[PDB]
């Protein structure tokens, strides 16, 4: 199955923020401590942490509140009161920074042995001061790691013994700190497990894999291939992208709205009704969109139907049939391909063909040589040739034709 924990880039990013917060000159405002507590940092209010986030990242209080909540849910900061409530309260409620020893890590989850030791220790500090879920957890572990139990108990007794050399304030503070860790890593039932990362990976992200020769050879092949490829200036390609978005802006309903209205906003389905795939009379917006580029026309069944009528009138009404046949060959059922390829050649391309179309000498040779060993891309060169011919010649003339002009004229204008 899957053996490895996924990458967790967020951890380093929280840690960087937490370090910024602890800066002596520019960090979160801290509190005095009139009772001498040596084992943990000074406390700070939820409101002060939130204010620091809002100001540092220059964001709304809602966004700062969401982020602040996650810092608490992951256990980097913990509340001194109402400890089961893992939110950052925008008020005078007190919090402390967790010690780095109790931070979450990408590669290592909290371990059952360590949890058993914590519960066995807590068990000693009372009889069952253990909460319900913790008693269940303790009993589960006593069975699961039965073999380690002498070690678990020894270690619990050891730590309990050492805990007694702290004064009342330090002992209380340390107990709060450790409990805050376990609340994140072994959460009560019915509480979110923020540590749920979904599925493990097949591949270990922490593996420094030795590149084999075959690997480096393949890298070389990629570069040699890439160097053979042509590119254009950024001014050209990016100019195209900017122009494309500008051209399609009015058709982008999220940005610009639509006519008569957006069905998701008004519950009026007319916009969908008027734009049915096979609507009798298309909207003016739709007909106009066919003029943006050849693919817009071809991909719209109503557009393609109009374009086919134009072509048939010019005695080119098999080009589109040939293009569609090649599309089906390439994307359709593959048990058929060999026969299908041969029958398309015989029908459209061969001398005396019954749906004859013209292709140039070079394209025909590429096709004929390929057909010696038919496969699903064997008509790709002929298909491209015919598509580009339609695009370069027929498309612009279609847009200038009475057929397109009449379509524009009868097209529906809603609102």
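Residue numbers count along the first chain shown, from 1.
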Mean temperature factor over C-alpha atoms, higher-scoring stretch between 388 to 396 and 15 to 23: 388 to 396
Given 49 to 57 and 31 to 39, the range whose Cα B-factors average higher in the PDB entry: 31 to 39
Deposited CA B-factor, highest of 102, 331, 345, 222: 222
Peak C-alpha temperature factor (PDB record), options 116, 254, 265, 129: 129
Among modelled residues of the same chain, the CA temperature factor third for residue 64: lowest
Relative C-alpha B-factor of residue 160, binned into the chain's lowest, middle or highest third: highest
Cα B factor band for residue 71 (lowest, middle or highest third within the chain): lowest
Lowest, middle or highest third - CA B-factor, residue 247: lowest
For residue 82, the third of its chain into which the C-alpha B factor falls: middle
